[PDB]
**Q** 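Dropping a structure here in structure tokens format, bear with me for questions.
Counting from 1, the numbers follow the sequence of the chain as shown.
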Amino acid sequence: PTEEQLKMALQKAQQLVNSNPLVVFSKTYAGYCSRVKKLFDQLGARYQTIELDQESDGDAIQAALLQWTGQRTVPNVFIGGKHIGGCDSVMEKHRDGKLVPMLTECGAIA
């Protein structure tokens, strides 16, 4: 991707994370991505999804996500503007009973 396209993906990704309480960067076929969204479905948490495989700039975004966060895989989950990580980081929050408080604090959960 071009210097321009990467910087554009970075600020498109950043504005998504800042403008939404729960953001998941994912791929329609990835299993950990589908697992994390169904859990959010079950908790009543509303999320905004970016299916990188369905976006022409999907690849520029994935590179920016690594620039920005240091993670190369999907899903990449942001809660309340902050980077949580992948399906495992999210599940670990839930195990400690802290996920639902976080999703409620930022409004993802009504």
Side-chain angles (χ1 to χ4, degrees):
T2 81
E3 193 48 35
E4 193 59 6
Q5 283 169 355
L6 202 179
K7 157 194 177 221
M8 298 297 282
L10 182 64
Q11 73 167 66
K12 174 183 181 196
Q14 285 180 321
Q15 187 193 26
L16 253 182
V17 161
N18 283 309
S19 294
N20 297 261
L22 178 61
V23 176
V24 183
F25 295 96
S26 64
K27 290 176 158 160
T28 45
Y29 55 81
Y32 285 126
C33 293
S34 272
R35 171 174 309 169
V36 65
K37 287 176 274 161
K38 288 180 214 144
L39 171 69
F40 290 147
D41 282 344
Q42 176 255 303
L43 301 170
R46 184 145 146 212
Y47 56 82
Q48 213 61 21
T49 302
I50 314 302
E51 306 292 1
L52 298 185
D53 56 307
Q54 307 305 292
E55 305 288 347
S56 93
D57 60 352
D59 290 341
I61 291 166
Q62 196 149 13
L65 285 160
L66 198 276
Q67 197 187 332
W68 182 14
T69 76
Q71 148 176 346
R72 329 181 149 246
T73 40
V74 300
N76 201 336
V77 178
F78 293 82
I79 296 180
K82 306 267 156 140
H83 180 242
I84 314 297
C87 185
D88 204 34
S89 317
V90 165
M91 298 310 207
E92 204 70 37
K93 297 283 175 188
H94 203 209
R95 261 172 241 126
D96 293 3
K98 291 171 183 162
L99 183 57
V100 161
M102 295 172 68
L103 292 173
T104 314
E105 265 201 350
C106 58
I109 290 178

**Q** As a quick check of understanding, evaluate side chain to side chain contact (heavy atoms under 4.5 Å, CB included) for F40 and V77, giving each step before the final call.
**A** CA-CA 11 Å; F40 290 147; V77 178; 4.1 Å; yes
**Q** Do you know which two heavy atoms are closest between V17 and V23, and how far apart they sit?
**A** CA-CG2, 3.8 Å
**Q** What's the shortest heavy-atom distance between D53 and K27, and which atoms?
**A** OD1-CA, 3.1 Å
**Q** What distance separates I50 CD1 from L16 CG, expressed to the nearest 0.5 Å?
**A** 4.5 Å
**Q** Show the nearest heavy-atom pair for residues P21 and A108, with the distance to one decimal.
**A** CB-N, 3.9 Å
**Q** Roughly how far apart are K7 NZ and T2 OG1, rounded to 0.5 Å?
**A** 10.5 Å
**Q** Would you indicate whether the side-chain heavy atoms of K37 and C33 approach each other to under 4.5 Å?
**A** yes
**Q** So does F25 get a backbone contact from the side chain of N76, meaning a donor-acceptor N/O pair under 3.5 Å?
**A** no
**Q** Please answer: with hydrophobic residues joined when any side-chain heavy atoms are less than 4.5 Å apart, are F78 and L10 in the same cluster?
**A** yes
**Q** Taking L66 as the starting point, is it possible to reach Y32 by hopping between hydrophobic residues whose side chains are less than 4.5 Å apart?
**A** no
**Q** Apply side chain to side chain contact (heavy atoms under 4.5 Å, CB included) to residues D57 and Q5 and explain how you reach the verdict.
**A** CA-CA 8 Å; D57 60 352; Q5 283 169 355; over 6 Å; no
**Q** What's the shortest heavy-atom distance between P75 and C87, and which atoms?
**A** CG-N, 4.0 Å
**Q** Does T73 offer a backbone N or O that forms a donor-acceptor pair with the side chain of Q71 under 3.5 Å?
**A** yes
**Q** Between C106 and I79, does a side chain to side chain contact (heavy atoms under 4.5 Å, CB included) hold up when you go through it step by step?
**A** CA-CA 8 Å; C106 58; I79 296 180; 3.9 Å; yes
**Q** Please identify which of these residues, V24, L39, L103, meets the side chain to side chain contact (heavy atoms under 4.5 Å, CB included) condition with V90.
**A** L39
**Q** Find out if a path of hydrophobic residues (ILVMFWY) with successive side-chain heavy-atom gaps under 4.5 Å connects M102 to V100.
**A** yes
**Q** How close do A64 and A9 get, heavy atom to heavy atom, and via which atoms?
**A** CB-C, 4.2 Å
**Q** At what distance, to the nearest 0.5 angstrom, does CG of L99 lie from OG of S89?
**A** 11.0 Å
**Q** Could you walk me through whether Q62 and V74 pass the side chain to side chain contact (heavy atoms under 4.5 Å, CB included) check?
**A** CA-CA 9 Å; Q62 196 149 13; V74 300; 3.8 Å; yes
**Q** Roughly how far apart are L43 CG and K38 NZ, rounded to 0.5 Å?
**A** 14.0 Å
**Q** Do the side chains of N20 and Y47 get nearer than 4.5 Å, heavy atoms only?
**A** no
**Q** Rounded to the nearest 0.5 Å, what's the gap from CD on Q11 to CG on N18? Could you check?
**A** 11.5 Å
**Q** Between atom CD of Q54 and atom OG of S26, what is the distance when rounded to the nearest 0.5 Å?
**A** 10.0 Å
